[PDB]
Structures are given as C-alpha cells and as structure tokens.
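Next comes just one chain, in structure tokens: the form deposited in one PDB entry.
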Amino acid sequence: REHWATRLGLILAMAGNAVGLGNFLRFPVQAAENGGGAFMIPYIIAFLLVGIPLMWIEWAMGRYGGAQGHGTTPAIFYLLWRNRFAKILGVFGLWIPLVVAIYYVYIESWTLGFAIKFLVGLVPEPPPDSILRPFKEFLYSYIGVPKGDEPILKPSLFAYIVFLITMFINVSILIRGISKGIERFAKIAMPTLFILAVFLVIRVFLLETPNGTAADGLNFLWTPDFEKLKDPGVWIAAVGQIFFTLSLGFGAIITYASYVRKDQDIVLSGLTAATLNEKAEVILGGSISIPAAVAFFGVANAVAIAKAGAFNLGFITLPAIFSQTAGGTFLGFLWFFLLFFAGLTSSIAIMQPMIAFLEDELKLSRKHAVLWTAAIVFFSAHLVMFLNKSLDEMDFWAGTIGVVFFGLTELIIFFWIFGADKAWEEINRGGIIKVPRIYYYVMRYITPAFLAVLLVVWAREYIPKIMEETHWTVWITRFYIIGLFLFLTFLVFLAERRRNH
C-alpha cells in the first residue's frame, strides 16, 4: 500500500483536504445570513460536539481500513459490519465525494479563470450599483447565467477551456500518487495559501469608507446574539457548515487516513488538522469577505448582498471593492489565486476515494484509476456547466443533507455495531495523546442523538419545500445522480465477484 512519507506532509495534506473553498466562500455567506455572532455559537458548539469526534472517528476507520488494504467505505463498512447492507450504505462514501467533485472542480476552475483575467487585467472598470453591475455582468458572461426564460447556462469558451486545464492540473497531481503527488503538492500549496490569506487579511483591515471600516464587519461576526439560538434553521446551517468545512461525511478523510500506517498516531494529527482548518476559517476566511463588504456598504447592505447570492460575495462584491483601490486588479488576482489553491488541495481529496476504490477493489493501476475517475467527473460536470440549478441540487443532496446523513451512518456503524469499546480502542491506539474520556459519551450518546434530531427536523420542515417548490429541471439532476449511485452500487457488486474469481 501507498503511505504518507512525512508527518508534516500528512498534516498538510489533511489540512489541504479541509481548508478549501468552504473556508472563504461558504462560511462567510452562512454566517452573514445567520446573524453573524448568532451563527458562531451554534458553530463553535457543533465543532466541539460533532466536528472533533467525527474527525477522530474517520481517521480511525481509514487507518483501520488501510491496514487491511481497503481505502473506501464499501469495503470498510463491511469490515466493521459483516453484512451485505453495509456494502450498500458504503456506496454513499463514494457517491458523495464524486457528486461533490462534479461541481466543486467547476467552481475551482472559475477561480483560475478569474485569476488569469485579473493578472492580465482583462477585467471591468467602474465608471453603489454602478460599482457592482460590471462585475455582476463579468461573472454572468463567464459562467453563462440564463438571460431569458430557458433554464440553460451558456459558459464562455474561456470558462470551458479553463475547466479542462483545471482537470489536467488535478490529474497531474493525482497520477503521481499519495507521497509524490498529493503530499508534495500540499507542502507547496499550504504555506503559499496561508501567506496570501494573511496578506489579504492585513490589506482588508486597512479599508475605510464613509460607510465603515473592516472592524465593523468583525464586530458583526463576533457579537453573540442570544435571540437566535432558538431558530432550528441556524443550527442546521452551522452543523452543515462544520461537515462541509472539515470534509466530514465525504469519505475523503477516511481515504486519506487509509494511507496512514497501522501504528502511527491519529489523535493529535487529527486534532491538528481540524484546528488548522478552523483557524483558516474563522480568522482568515472570516476576516476577508465580510469586513470588506461591511467597510464599503455597511452591515445591512452586506447581509442583503450575501442573501441575494452566495457567489455574490467572492466573485462580484470583493473584486468590485478591490478595483476601487491602488493595485486592486492584482489584489483580485491574489484573492482568486488563493481560492484556486484552496480548491485544488480539496478537489484532489474528493476524487481520491474513487481512485482508491478502483485501485483497491477492482485492482486497476493508479494511471487508469486516475484517468477513468477524471473522465467520469469531466463528463458529468457538463450537467453542472449547462443546466441551471444543477449545482444547487448536487450541493444539497450530496454536500449538505448527504454528508450529515453519512456522518450519522458511519458513527452508528463504528460505535454501535462494530462496538463502542472496540471503536474507542482503535481511535486511541498509537496516539501521542489520548482522547479525553468525556468524548466516549459524546461519540456514543450526544453526537448520534443530536444528528438524528437535526435530520428529522430537516426532513419535515425544509426538504418538502425543495422537493416541491423547485423548477422541473431539478429532476434531470436528481435522475442523473441517482444513476451514479446505481452505477457505483454495480461496481461494488463487480468488486466482490472479482474477489471470488
């Protein structure tokens, strides 16, 4: 089996897995829409009660799986629970990261496209709405937002070609393997990512207009609002963000952990990777978009902008703000270059589970596993590129509801079916430090009850609206992703047949 070469390489690759587009694009939007500091309390709580325990659980399952030659959940779920149904539930741990990858790599390619255009200065120029409109139109031409009745997207030729280059970049890393590809790239990307982010945070701090400063944005984000801790919509938002941001329930952490040696520590390593992400999220990610928006527009306007769109902040508002400053075009470039490296280190992570399945279970070489995985993702992404609201549908079913459901599933299998005491032992085995004894009770009683309650409220108060009050074209996307599940179910069926022959 492939293994991580260095300790630091492992940490940086795992942090590169988590530290992604979610830190800089998803988190600011979620927080702004949920009363800033009103969001943070549920967020911190969810991090302590859901994020941390599941991180250790996924590292545990991965290392346990890898020791026996299996990187993905179809096989790992079966190892923990010798039942046919465990293999089928395990498909979600291939399905989720595949579907997520299908739209994620595409968003990632927008950041490269924008980076290029901002570096070369092929960007709009201002002559409040006269400031935003040219940048709105710039993004709308790029991705091809529908102008009329038809739910059809028309991406520019540049966007399409940049998507191809992005696929090629992802492949060039992944084809070199774990230590020589993913690890080596992480050691380059992460320091760069941190430097650019710190630079941009510092630069944003210096912004002031007659409407406010950056500090006003931080005050909005860090003033606890106790009159919102009763809204279930905020708690759903916070827990969802925690899963997405930490790459939990994507089977991606598990797959990375399957290249960790049987004896090596996962307790401190896991905690470090999780804490590195939260610092990049709340300190770095939280200090760029919102404070800049609040500084130019005030709190009320910044929230309203964050509500009328989620790519409004990162692709429209921020570059618009930057263009009003000296060297703003280059500042835009640094923003989009930061985003590109944030995305890239995470997109290689959510394609690796499919690659590892093909290698481990169907005994394909790395070359063919990577190329076939890329081909599947490349082809499928045409739905995201050309069909309006296809991105939102995949992001909901796989990257939002799917991950929470899968987190609960993997927790139940590992802690309730495999055995709580066996699970605990497997977590702590070889650890530099031990997990606090309190977390056993959290993992076994608190976390599962909390997620189960959350999913029941979710499926009764929120999913009826999405199932019923959306455009008919969502069924094309639903149909296709259900098809992907059946296809993956079929590959698992072939994998066990091949094992017998």
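Position 1 is the first residue in the sequence shown; the rest follow in order. Here the rigid core means the biggest group of C-alpha atoms that line up within 1.5 Å when the two forms are laid on top of each other.
Peer 1: Compared with other deposited entries of this protein, is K465 missing coordinates in at least a third of those that cover its neighbours?
Peer 2: Yes, a third or more of the compared structures omit it.
Peer 1: Relative to the deposited sequence, how many residues with no modelled coordinates occur between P127 and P128 (none, 1 to 3, 4 to 9, 10 or more)?
Peer 2: Count of unmodelled residues in between: 4 to 9.
Peer 1: Would you determine, from the values in the PDB entry, which of 459-467 and 28-36 has the greater average C-alpha temperature factor?
Peer 2: It is 459-467 that shows the higher mean C-alpha B-factor.
Peer 1: In the PDB record, does 46-54 or 444-452 carry the higher mean Cα temperature factor?
Peer 2: It is 444-452.
Peer 1: Which of these, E278, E108, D395, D225, has its C-alpha atom at the highest B-factor, as the entry lists it?
Peer 2: Going by the entry's C-alpha B-factors, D225 comes out highest.
Peer 1: At the C-alpha atoms, which of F220, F378, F337, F244 reaches the highest B-factor in this entry?
Peer 2: Highest CA B-factor of the listed options: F220.
Peer 1: Where does the C-alpha B-factor of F118 rank in its chain, lowest, middle or highest third?
Peer 2: Within its chain, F118 is a middle-third residue by C-alpha B-factor, going by the deposited values.
Peer 1: Divide the modelled residues of the chain into thirds by Cα B-factor and specify which third, lowest, middle or highest, holds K367.
Peer 2: Middle third.
Peer 1: By the record's CA B-factor, is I195 among the lowest, middle or highest third of residues in the chain?
Peer 2: Its C-alpha B-factor, which the entry lists for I195, ranks in the middle third among residues of this chain.
Peer 1: Where does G399 sit by CA temperature factor within its chain: lowest, middle or highest third?
Peer 2: It falls in the bottom third of the chain.
Peer 1: Please place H382 in the lowest, middle or highest third of its chain according to the CA B-factor in the PDB entry.
Peer 2: Tercile = lowest for this residue's CA B-factor.
One more form of this protein, deposited in another entry, exists but is not displayed; see below.
Peer 1: Determine, with the core as the superposition reference, the one member of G144, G309, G177, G328 that shifts its CA by 2 Å or more between this form and the one not shown.
Peer 2: Once the cores are aligned, the residue moving by 2 Å or more is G309.
Peer 1: Is it true that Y64 shifts between this form and the one not shown by 2 Å or more at the Cα, once the core is aligned?
Peer 2: No; that C-alpha moves by less than 2 Å between this form and the one not shown.
Peer 1: Compare the position of the CA of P448 between this form and the one not shown after a rigid core fit and state whether the shift reaches 2 Å.
Peer 2: Stays below the 2 Å threshold, so no.
Peer 1: Has the Cα of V492 moved 2 Å or more between this form and the one not shown, judged after a core fit?
Peer 2: After core superposition, the displacement of the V492 C-alpha between this form and the one not shown stays below 2 Å, so no.
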